[PDB]
Amino acid sequence: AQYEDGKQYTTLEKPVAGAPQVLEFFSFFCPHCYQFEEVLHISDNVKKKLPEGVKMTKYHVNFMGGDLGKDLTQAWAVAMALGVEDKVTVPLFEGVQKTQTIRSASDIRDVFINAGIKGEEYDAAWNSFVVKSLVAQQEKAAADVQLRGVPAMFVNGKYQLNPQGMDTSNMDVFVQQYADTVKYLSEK
């Protein structure tokens, strides 16, 4: 077959019911995640090829970067609640991995302030029980699929993208293959 279990994707022997249609996991500490976002724009190219009536979800994980990793998961919850994901994703990636100017929760906060979210607004969100449940959701979704590595994408709670089995000579061909795989799995 052109798409084979175990080649462009793997199948969860323990399928997750009620799961989001397209579910991505990342960490701001994760080097391939940095590429996926800034160089490859995976999420965006997947969205462009998906049918529609299909929603895309992206969650942060705790297992990298210890205490700061958990802060970043809460901050991503703040980003989701306020709907400012597209304004903070790149400066969070560069603050953690490029400039190394993110070393504390106050530094994460600065990224939001500089992106124009108001102090008042960020701190209220940060402390809100809407953000608490949102952090819980990120953890539960990761827990549901035994997640030990990122970047990771899961379709319909039963298939997991496997980028290691796609060509990487050409960044653009890699992305189309990844996106076309998501679409194929979507239609499956």
# chains A, B, ... in the order shown; residues from 1 in each chain; ligands from 1
$ residues_around --residues "residue 104 in chain A" --least-positions-apart "6" --cutoff "9 Å" --atoms "only C-alpha atoms" --output "PyMOL selection string"
chain A and resi 67-68+71
$ select_by_dssp --residues "range 1-185 of chain A" --states "helix (DSSP H, G or I)" --output "ChimeraX atom specification"
/A:31-38,42-49,66-82,85-98,105-114,119-127,129-144,163-165,171-185
$ select_by_dssp --residues "range 30-112 of chain A" --states "strand (DSSP E or B)" --output "list in words"
residues 56, 57, 58, 59 and 60 of chain A
$ residues_around --residues "residue 59 in chain A" --least-positions-apart "6" --cutoff "12 Å" --atoms "only C-alpha atoms" --output "number ranges by chain"
A: 20, 22-28, 33, 72-80, 85, 89, 134-143, 147, 150-154
$ write_last_selection --atoms "N, CA, C and O atoms" --output "CSV table (one decimal), in the first residue's frame"
chain,number,residue,atom,x,y,z
A,20,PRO,N,-10.1,14.7,20.3
A,20,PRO,CA,-10.1,15.7,19.2
A,20,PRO,C,-9.7,15.2,17.9
A,20,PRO,O,-8.9,14.2,17.8
A,22,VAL,N,-7.9,16.3,15.1
A,22,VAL,CA,-6.5,16.4,15.0
A,22,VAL,C,-5.9,17.0,16.2
A,22,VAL,O,-6.1,18.2,16.6
A,23,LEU,N,-5.0,16.2,16.9
A,23,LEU,CA,-4.4,16.6,18.2
A,23,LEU,C,-2.9,16.6,18.1
A,23,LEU,O,-2.3,15.5,18.0
A,24,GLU,N,-2.3,17.8,18.3
A,24,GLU,CA,-0.9,17.9,18.3
A,24,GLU,C,-0.3,18.2,19.7
A,24,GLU,O,-0.9,18.9,20.5
A,25,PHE,N,0.8,17.6,20.0
A,25,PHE,CA,1.5,17.9,21.3
A,25,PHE,C,2.9,18.5,21.0
A,25,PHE,O,3.6,18.0,20.1
A,26,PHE,N,3.3,19.5,21.8
A,26,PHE,CA,4.6,20.1,21.6
A,26,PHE,C,5.2,20.6,23.0
A,26,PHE,O,4.4,20.6,24.0
A,27,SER,N,6.4,21.0,23.0
A,27,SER,CA,7.0,21.7,24.1
A,27,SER,C,7.8,22.8,23.6
A,27,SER,O,8.5,22.7,22.5
A,28,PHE,N,7.9,23.9,24.3
A,28,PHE,CA,8.7,25.1,23.9
A,28,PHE,C,10.2,24.7,24.1
A,28,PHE,O,11.0,25.4,23.5
A,33,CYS,N,10.2,20.7,17.6
A,33,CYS,CA,8.9,21.5,17.7
A,33,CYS,C,9.2,22.9,17.2
A,33,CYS,O,8.4,23.5,16.5
A,72,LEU,N,5.2,26.7,31.5
A,72,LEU,CA,4.9,26.9,30.0
A,72,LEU,C,3.6,26.3,29.7
A,72,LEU,O,2.9,26.7,28.8
A,73,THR,N,3.3,25.1,30.3
A,73,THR,CA,2.0,24.5,30.0
A,73,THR,C,0.8,25.4,30.6
A,73,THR,O,-0.2,25.5,29.9
A,74,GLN,N,1.0,25.9,31.7
A,74,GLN,CA,0.0,26.9,32.2
A,74,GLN,C,-0.1,28.1,31.3
A,74,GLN,O,-1.2,28.6,31.1
A,75,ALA,N,1.0,28.6,30.9
A,75,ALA,CA,1.0,29.8,30.0
A,75,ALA,C,0.3,29.5,28.7
A,75,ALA,O,-0.3,30.4,28.1
A,76,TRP,N,0.5,28.3,28.1
A,76,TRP,CA,-0.2,27.9,26.9
A,76,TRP,C,-1.7,27.9,27.2
A,76,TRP,O,-2.5,28.2,26.3
A,77,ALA,N,-2.1,27.4,28.4
A,77,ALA,CA,-3.5,27.4,28.7
A,77,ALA,C,-4.0,28.9,28.7
A,77,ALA,O,-5.1,29.2,28.3
A,78,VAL,N,-3.2,29.8,29.2
A,78,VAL,CA,-3.5,31.3,29.2
A,78,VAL,C,-3.7,31.7,27.7
A,78,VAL,O,-4.6,32.4,27.4
A,79,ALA,N,-2.7,31.4,26.9
A,79,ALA,CA,-2.8,31.6,25.5
A,79,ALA,C,-4.1,31.1,24.9
A,79,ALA,O,-4.7,31.8,24.1
A,80,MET,N,-4.5,29.9,25.2
A,80,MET,CA,-5.7,29.3,24.6
A,80,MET,C,-6.9,30.0,25.0
A,80,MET,O,-7.8,30.4,24.2
A,85,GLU,N,-2.6,32.6,20.9
A,85,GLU,CA,-1.6,31.6,20.5
A,85,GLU,C,-0.7,32.1,19.4
A,85,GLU,O,0.5,31.9,19.5
A,89,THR,N,3.5,32.3,20.3
A,89,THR,CA,4.2,31.1,20.0
A,89,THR,C,5.6,31.3,19.5
A,89,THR,O,6.5,30.7,20.0
A,134,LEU,N,-8.2,23.9,31.8
A,134,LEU,CA,-7.5,23.9,30.5
A,134,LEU,C,-6.1,23.2,30.6
A,134,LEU,O,-5.6,22.5,29.7
A,135,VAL,N,-5.4,23.4,31.8
A,135,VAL,CA,-4.2,22.7,32.1
A,135,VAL,C,-4.4,21.2,32.3
A,135,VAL,O,-3.7,20.4,31.7
A,136,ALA,N,-5.5,20.9,33.0
A,136,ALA,CA,-6.0,19.5,33.2
A,136,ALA,C,-6.2,18.8,31.9
A,136,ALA,O,-5.9,17.7,31.7
A,137,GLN,N,-6.8,19.6,30.9
A,137,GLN,CA,-7.2,19.0,29.6
A,137,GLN,C,-5.9,18.6,28.9
A,137,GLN,O,-5.8,17.5,28.3
A,138,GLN,N,-4.9,19.5,28.9
A,138,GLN,CA,-3.6,19.2,28.3
A,138,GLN,C,-3.0,18.0,28.9
A,138,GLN,O,-2.5,17.1,28.1
A,139,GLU,N,-3.0,17.9,30.2
A,139,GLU,CA,-2.4,16.7,30.8
A,139,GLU,C,-3.2,15.4,30.6
A,139,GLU,O,-2.6,14.4,30.2
A,140,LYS,N,-4.5,15.5,30.7
A,140,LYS,CA,-5.3,14.3,30.4
A,140,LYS,C,-5.1,13.8,29.0
A,140,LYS,O,-4.9,12.6,28.7
A,141,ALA,N,-5.1,14.7,28.0
A,141,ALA,CA,-5.0,14.3,26.6
A,141,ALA,C,-3.6,13.6,26.4
A,141,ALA,O,-3.5,12.6,25.7
A,142,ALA,N,-2.6,14.1,27.0
A,142,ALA,CA,-1.3,13.5,26.9
A,142,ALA,C,-1.3,12.1,27.6
A,142,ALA,O,-0.8,11.1,27.1
A,143,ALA,N,-1.8,12.1,28.8
A,143,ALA,CA,-1.9,10.9,29.6
A,143,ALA,C,-2.7,9.8,28.8
A,143,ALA,O,-2.3,8.6,28.9
A,147,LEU,N,2.0,9.6,26.3
A,147,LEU,CA,3.0,10.4,25.5
A,147,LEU,C,4.3,10.6,26.2
A,147,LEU,O,4.4,11.3,27.2
A,150,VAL,N,7.7,14.4,21.9
A,150,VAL,CA,7.2,15.4,21.0
A,150,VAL,C,8.2,15.8,20.0
A,150,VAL,O,9.4,15.6,20.2
A,151,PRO,N,7.8,16.4,18.8
A,151,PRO,CA,6.4,16.7,18.4
A,151,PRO,C,5.6,15.5,18.2
A,151,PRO,O,6.2,14.4,17.8
A,152,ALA,N,4.3,15.5,18.4
A,152,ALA,CA,3.4,14.3,18.2
A,152,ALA,C,2.1,14.8,17.6
A,152,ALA,O,1.7,15.9,18.1
A,153,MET,N,1.6,14.1,16.7
A,153,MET,CA,0.2,14.4,16.2
A,153,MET,C,-0.6,13.1,16.2
A,153,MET,O,-0.1,12.0,15.8
A,154,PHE,N,-1.9,13.2,16.6
A,154,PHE,CA,-2.7,12.0,16.7
A,154,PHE,C,-4.0,12.4,15.9
A,154,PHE,O,-4.5,13.5,16.1
$ residues_around --residues "residue 3 in chain A" --least-positions-apart "3" --cutoff "10 Å" --atoms "only C-alpha atoms" --output "number ranges by chain"
A: 6-9, 181, 184-185
$ closest_residue --among "A:130, A:84, A:161, A:1" --to "residue 116 in chain A" --atoms "only C-alpha atoms"
A:84
$ atom_distance --atom1 "CA of residue 125 in chain A" --atom2 "CA of residue 66 in chain A"
22.2 Å
$ atom_distance --atom1 "CA of residue 70 in chain A" --atom2 "CA of residue 115 in chain A"
21.1 Å
$ atom_distance --atom1 "CA of residue 82 in chain A" --atom2 "CA of residue 123 in chain A"
11.6 Å
$ closest_residue --among "A:178, A:63, A:29, A:122" --to "residue 160 in chain A" --atoms "only C-alpha atoms"
A:178
$ residues_around --residues "residue 188 in chain A" --least-positions-apart "4" --cutoff "10 Å" --atoms "only C-alpha atoms" --output "ChimeraX atom specification"
/A:155-156,159,182-184
$ write_last_selection --atoms "C-alpha atoms" --output "PDB file, in the first residue's frame"
ATOM      1  CA  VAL A 155      -5.717  11.752  14.359  1.00  0.00           C
ATOM      2  CA  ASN A 156      -9.155  10.668  15.556  1.00  0.00           C
ATOM      3  CA  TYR A 159      -3.436   7.081  14.517  1.00  0.00           C
ATOM      4  CA  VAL A 182      -2.938  13.647   8.082  1.00  0.00           C
ATOM      5  CA  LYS A 183      -5.594  14.130   5.375  1.00  0.00           C
ATOM      6  CA  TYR A 184      -5.525  10.423   4.399  1.00  0.00           C
TER       7      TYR A 184
END
$ residues_around --residues "residue 44 in chain A" --least-positions-apart "3" --cutoff "12 Å" --atoms "only C-alpha atoms" --output "list in words"
residues 24, 36, 37, 38, 39, 40, 41, 47, 48, 49, 50, 56, 57, 58, 86, 175, 176, 178 and 179 of chain A
$ write_last_selection --atoms "N, CA and C atoms" --output "short mmCIF file (atom, residue, chain, number, x, y, z; two decimals), in the first residue's frame"
data_model
loop_
_atom_site.label_atom_id
_atom_site.label_comp_id
_atom_site.auth_asym_id
_atom_site.auth_seq_id
_atom_site.Cartn_x
_atom_site.Cartn_y
_atom_site.Cartn_z
N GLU A 24 -2.31 17.75 18.34
CA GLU A 24 -0.86 17.94 18.33
C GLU A 24 -0.30 18.20 19.73
N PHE A 36 9.19 22.60 13.49
CA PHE A 36 7.81 22.38 13.05
C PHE A 36 7.04 23.68 13.02
N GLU A 37 7.33 24.56 13.98
CA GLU A 37 6.61 25.82 14.03
C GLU A 37 7.27 26.85 13.12
N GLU A 38 8.57 27.12 13.31
CA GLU A 38 9.14 28.29 12.61
C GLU A 38 9.62 28.05 11.20
N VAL A 39 10.10 26.85 10.91
CA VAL A 39 10.68 26.57 9.60
C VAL A 39 9.71 25.82 8.70
N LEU A 40 9.01 24.84 9.26
CA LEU A 40 8.12 23.98 8.47
C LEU A 40 6.66 24.42 8.48
N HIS A 41 6.22 25.07 9.56
CA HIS A 41 4.83 25.52 9.67
C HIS A 41 3.86 24.34 9.47
N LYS A 47 -3.64 22.19 8.30
CA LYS A 47 -4.95 22.85 8.29
C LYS A 47 -5.39 23.12 6.84
N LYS A 48 -4.48 23.62 6.01
CA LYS A 48 -4.78 23.91 4.62
C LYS A 48 -5.24 22.69 3.81
N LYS A 49 -4.92 21.48 4.26
CA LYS A 49 -5.29 20.28 3.47
C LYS A 49 -6.38 19.48 4.10
N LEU A 50 -6.70 19.81 5.33
CA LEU A 50 -7.79 19.08 5.97
C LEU A 50 -9.16 19.38 5.38
N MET A 56 -8.72 21.59 14.79
CA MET A 56 -7.35 21.27 15.16
C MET A 56 -7.03 21.76 16.57
N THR A 57 -6.42 20.88 17.36
CA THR A 57 -6.07 21.19 18.74
C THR A 57 -4.56 21.05 18.94
N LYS A 58 -3.97 21.98 19.67
CA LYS A 58 -2.55 21.90 20.01
C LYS A 58 -2.32 22.08 21.50
N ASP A 86 -1.32 32.72 18.45
CA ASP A 86 -0.55 33.14 17.28
C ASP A 86 0.33 34.34 17.58
N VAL A 175 6.95 18.31 4.43
CA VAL A 175 5.70 18.92 4.90
C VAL A 175 4.47 18.44 4.12
N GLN A 176 4.56 18.40 2.79
CA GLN A 176 3.40 17.93 2.02
C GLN A 176 3.08 16.49 2.35
N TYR A 178 3.67 14.92 5.14
CA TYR A 178 3.14 14.92 6.49
C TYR A 178 1.68 15.34 6.43
N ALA A 179 1.40 16.42 5.70
CA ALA A 179 0.04 16.97 5.63
C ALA A 179 -0.92 16.02 4.89
#
$ closest_residue --among "A:149, A:61, A:17, A:129" --to "residue 81 in chain A" --atoms "only C-alpha atoms"
A:129
$ decode --residues "range 120-160 of chain A" --atoms "N, CA and C atoms" --output "PDB file, in the first residue's frame"
ATOM      1  N   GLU A 120      -2.872  43.040  34.000  1.00  0.00           N
ATOM      2  CA  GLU A 120      -4.136  42.718  34.622  1.00  0.00           C
ATOM      3  C   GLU A 120      -4.790  41.463  34.038  1.00  0.00           C
ATOM      4  N   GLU A 121      -4.869  41.458  32.720  1.00  0.00           N
ATOM      5  CA  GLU A 121      -5.554  40.425  31.963  1.00  0.00           C
ATOM      6  C   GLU A 121      -4.827  39.085  32.031  1.00  0.00           C
ATOM      7  N   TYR A 122      -3.505  39.132  31.910  1.00  0.00           N
ATOM      8  CA  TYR A 122      -2.688  37.922  31.998  1.00  0.00           C
ATOM      9  C   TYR A 122      -2.730  37.288  33.397  1.00  0.00           C
ATOM     10  N   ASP A 123      -2.547  38.101  34.428  1.00  0.00           N
ATOM     11  CA  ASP A 123      -2.523  37.581  35.785  1.00  0.00           C
ATOM     12  C   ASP A 123      -3.873  37.004  36.205  1.00  0.00           C
ATOM     13  N   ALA A 124      -4.969  37.654  35.818  1.00  0.00           N
ATOM     14  CA  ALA A 124      -6.293  37.107  36.100  1.00  0.00           C
ATOM     15  C   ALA A 124      -6.449  35.743  35.416  1.00  0.00           C
ATOM     16  N   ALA A 125      -6.189  35.694  34.114  1.00  0.00           N
ATOM     17  CA  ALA A 125      -6.216  34.420  33.377  1.00  0.00           C
ATOM     18  C   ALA A 125      -5.332  33.380  34.058  1.00  0.00           C
ATOM     19  N   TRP A 126      -4.057  33.723  34.281  1.00  0.00           N
ATOM     20  CA  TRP A 126      -3.096  32.818  34.928  1.00  0.00           C
ATOM     21  C   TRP A 126      -3.665  32.146  36.171  1.00  0.00           C
ATOM     22  N   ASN A 127      -4.459  32.892  36.939  1.00  0.00           N
ATOM     23  CA  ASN A 127      -4.939  32.424  38.239  1.00  0.00           C
ATOM     24  C   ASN A 127      -6.352  31.840  38.157  1.00  0.00           C
ATOM     25  N   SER A 128      -6.953  31.896  36.976  1.00  0.00           N
ATOM     26  CA  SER A 128      -8.347  31.506  36.811  1.00  0.00           C
ATOM     27  C   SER A 128      -8.572  29.980  36.755  1.00  0.00           C
ATOM     28  N   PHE A 129      -9.730  29.537  37.247  1.00  0.00           N
ATOM     29  CA  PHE A 129     -10.074  28.117  37.211  1.00  0.00           C
ATOM     30  C   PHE A 129     -10.452  27.649  35.810  1.00  0.00           C
ATOM     31  N   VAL A 130     -10.700  28.584  34.898  1.00  0.00           N
ATOM     32  CA  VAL A 130     -10.838  28.218  33.493  1.00  0.00           C
ATOM     33  C   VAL A 130      -9.487  27.764  32.938  1.00  0.00           C
ATOM     34  N   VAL A 131      -8.424  28.434  33.372  1.00  0.00           N
ATOM     35  CA  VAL A 131      -7.086  28.030  32.979  1.00  0.00           C
ATOM     36  C   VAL A 131      -6.703  26.733  33.691  1.00  0.00           C
ATOM     37  N   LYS A 132      -7.078  26.586  34.961  1.00  0.00           N
ATOM     38  CA  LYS A 132      -6.842  25.320  35.640  1.00  0.00           C
ATOM     39  C   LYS A 132      -7.439  24.114  34.889  1.00  0.00           C
ATOM     40  N   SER A 133      -8.711  24.181  34.489  1.00  0.00           N
ATOM     41  CA  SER A 133      -9.309  23.046  33.759  1.00  0.00           C
ATOM     42  C   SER A 133      -8.591  22.839  32.417  1.00  0.00           C
ATOM     43  N   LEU A 134      -8.173  23.936  31.787  1.00  0.00           N
ATOM     44  CA  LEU A 134      -7.458  23.889  30.503  1.00  0.00           C
ATOM     45  C   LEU A 134      -6.081  23.199  30.637  1.00  0.00           C
ATOM     46  N   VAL A 135      -5.403  23.423  31.758  1.00  0.00           N
ATOM     47  CA  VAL A 135      -4.158  22.721  32.053  1.00  0.00           C
ATOM     48  C   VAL A 135      -4.444  21.211  32.251  1.00  0.00           C
ATOM     49  N   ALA A 136      -5.482  20.898  33.028  1.00  0.00           N
ATOM     50  CA  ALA A 136      -5.974  19.528  33.198  1.00  0.00           C
ATOM     51  C   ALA A 136      -6.234  18.837  31.868  1.00  0.00           C
ATOM     52  N   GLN A 137      -6.838  19.557  30.921  1.00  0.00           N
ATOM     53  CA  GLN A 137      -7.154  18.979  29.610  1.00  0.00           C
ATOM     54  C   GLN A 137      -5.895  18.571  28.860  1.00  0.00           C
ATOM     55  N   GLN A 138      -4.903  19.457  28.888  1.00  0.00           N
ATOM     56  CA  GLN A 138      -3.619  19.187  28.254  1.00  0.00           C
ATOM     57  C   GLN A 138      -2.968  17.957  28.855  1.00  0.00           C
ATOM     58  N   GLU A 139      -3.010  17.852  30.184  1.00  0.00           N
ATOM     59  CA  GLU A 139      -2.407  16.695  30.848  1.00  0.00           C
ATOM     60  C   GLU A 139      -3.177  15.412  30.550  1.00  0.00           C
ATOM     61  N   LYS A 140      -4.502  15.466  30.668  1.00  0.00           N
ATOM     62  CA  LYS A 140      -5.314  14.292  30.377  1.00  0.00           C
ATOM     63  C   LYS A 140      -5.119  13.774  28.950  1.00  0.00           C
ATOM     64  N   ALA A 141      -5.131  14.670  27.964  1.00  0.00           N
ATOM     65  CA  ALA A 141      -4.964  14.253  26.579  1.00  0.00           C
ATOM     66  C   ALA A 141      -3.619  13.574  26.387  1.00  0.00           C
ATOM     67  N   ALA A 142      -2.578  14.108  27.018  1.00  0.00           N
ATOM     68  CA  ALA A 142      -1.255  13.483  26.910  1.00  0.00           C
ATOM     69  C   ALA A 142      -1.264  12.132  27.611  1.00  0.00           C
ATOM     70  N   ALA A 143      -1.839  12.100  28.808  1.00  0.00           N
ATOM     71  CA  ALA A 143      -1.916  10.872  29.594  1.00  0.00           C
ATOM     72  C   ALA A 143      -2.667   9.782  28.832  1.00  0.00           C
ATOM     73  N   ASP A 144      -3.740  10.172  28.150  1.00  0.00           N
ATOM     74  CA  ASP A 144      -4.562   9.258  27.362  1.00  0.00           C
ATOM     75  C   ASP A 144      -3.819   8.473  26.269  1.00  0.00           C
ATOM     76  N   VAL A 145      -2.733   9.032  25.739  1.00  0.00           N
ATOM     77  CA  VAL A 145      -2.004   8.385  24.644  1.00  0.00           C
ATOM     78  C   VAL A 145      -0.559   7.978  25.014  1.00  0.00           C
ATOM     79  N   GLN A 146      -0.285   7.910  26.315  1.00  0.00           N
ATOM     80  CA  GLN A 146       0.990   7.452  26.844  1.00  0.00           C
ATOM     81  C   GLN A 146       2.149   8.267  26.258  1.00  0.00           C
ATOM     82  N   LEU A 147       2.033   9.597  26.268  1.00  0.00           N
ATOM     83  CA  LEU A 147       2.956  10.423  25.509  1.00  0.00           C
ATOM     84  C   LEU A 147       4.328  10.631  26.168  1.00  0.00           C
ATOM     85  N   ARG A 148       5.384  10.147  25.500  1.00  0.00           N
ATOM     86  CA  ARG A 148       6.748  10.223  26.038  1.00  0.00           C
ATOM     87  C   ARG A 148       7.652  11.056  25.119  1.00  0.00           C
ATOM     88  N   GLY A 149       7.100  11.467  23.971  1.00  0.00           N
ATOM     89  CA  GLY A 149       7.874  12.265  23.040  1.00  0.00           C
ATOM     90  C   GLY A 149       7.064  13.268  22.236  1.00  0.00           C
ATOM     91  N   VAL A 150       7.727  14.368  21.899  1.00  0.00           N
ATOM     92  CA  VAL A 150       7.178  15.407  21.026  1.00  0.00           C
ATOM     93  C   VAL A 150       8.207  15.821  19.976  1.00  0.00           C
ATOM     94  N   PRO A 151       7.764  16.408  18.837  1.00  0.00           N
ATOM     95  CA  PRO A 151       6.384  16.722  18.444  1.00  0.00           C
ATOM     96  C   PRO A 151       5.591  15.453  18.197  1.00  0.00           C
ATOM     97  N   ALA A 152       4.275  15.501  18.359  1.00  0.00           N
ATOM     98  CA  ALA A 152       3.448  14.315  18.155  1.00  0.00           C
ATOM     99  C   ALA A 152       2.122  14.812  17.643  1.00  0.00           C
ATOM    100  N   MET A 153       1.557  14.078  16.689  1.00  0.00           N
ATOM    101  CA  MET A 153       0.228  14.364  16.196  1.00  0.00           C
ATOM    102  C   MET A 153      -0.595  13.074  16.202  1.00  0.00           C
ATOM    103  N   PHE A 154      -1.858  13.187  16.599  1.00  0.00           N
ATOM    104  CA  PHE A 154      -2.746  12.029  16.684  1.00  0.00           C
ATOM    105  C   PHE A 154      -4.004  12.389  15.939  1.00  0.00           C
ATOM    106  N   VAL A 155      -4.498  11.477  15.102  1.00  0.00           N
ATOM    107  CA  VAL A 155      -5.717  11.752  14.359  1.00  0.00           C
ATOM    108  C   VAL A 155      -6.861  10.875  14.859  1.00  0.00           C
ATOM    109  N   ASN A 156      -8.009  11.481  15.178  1.00  0.00           N
ATOM    110  CA  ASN A 156      -9.155  10.668  15.556  1.00  0.00           C
ATOM    111  C   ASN A 156      -8.905   9.686  16.690  1.00  0.00           C
ATOM    112  N   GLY A 157      -7.997  10.039  17.592  1.00  0.00           N
ATOM    113  CA  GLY A 157      -7.601   9.156  18.676  1.00  0.00           C
ATOM    114  C   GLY A 157      -7.114   7.741  18.361  1.00  0.00           C
ATOM    115  N   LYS A 158      -6.834   7.429  17.098  1.00  0.00           N
ATOM    116  CA  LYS A 158      -6.349   6.087  16.765  1.00  0.00           C
ATOM    117  C   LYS A 158      -5.053   6.021  15.964  1.00  0.00           C
ATOM    118  N   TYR A 159      -4.680   7.104  15.278  1.00  0.00           N
ATOM    119  CA  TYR A 159      -3.436   7.081  14.517  1.00  0.00           C
ATOM    120  C   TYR A 159      -2.437   8.159  14.891  1.00  0.00           C
ATOM    121  N   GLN A 160      -1.164   7.773  14.937  1.00  0.00           N
ATOM    122  CA  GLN A 160      -0.098   8.683  15.334  1.00  0.00           C
ATOM    123  C   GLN A 160       0.863   8.871  14.165  1.00  0.00           C
TER     124      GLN A 160
END
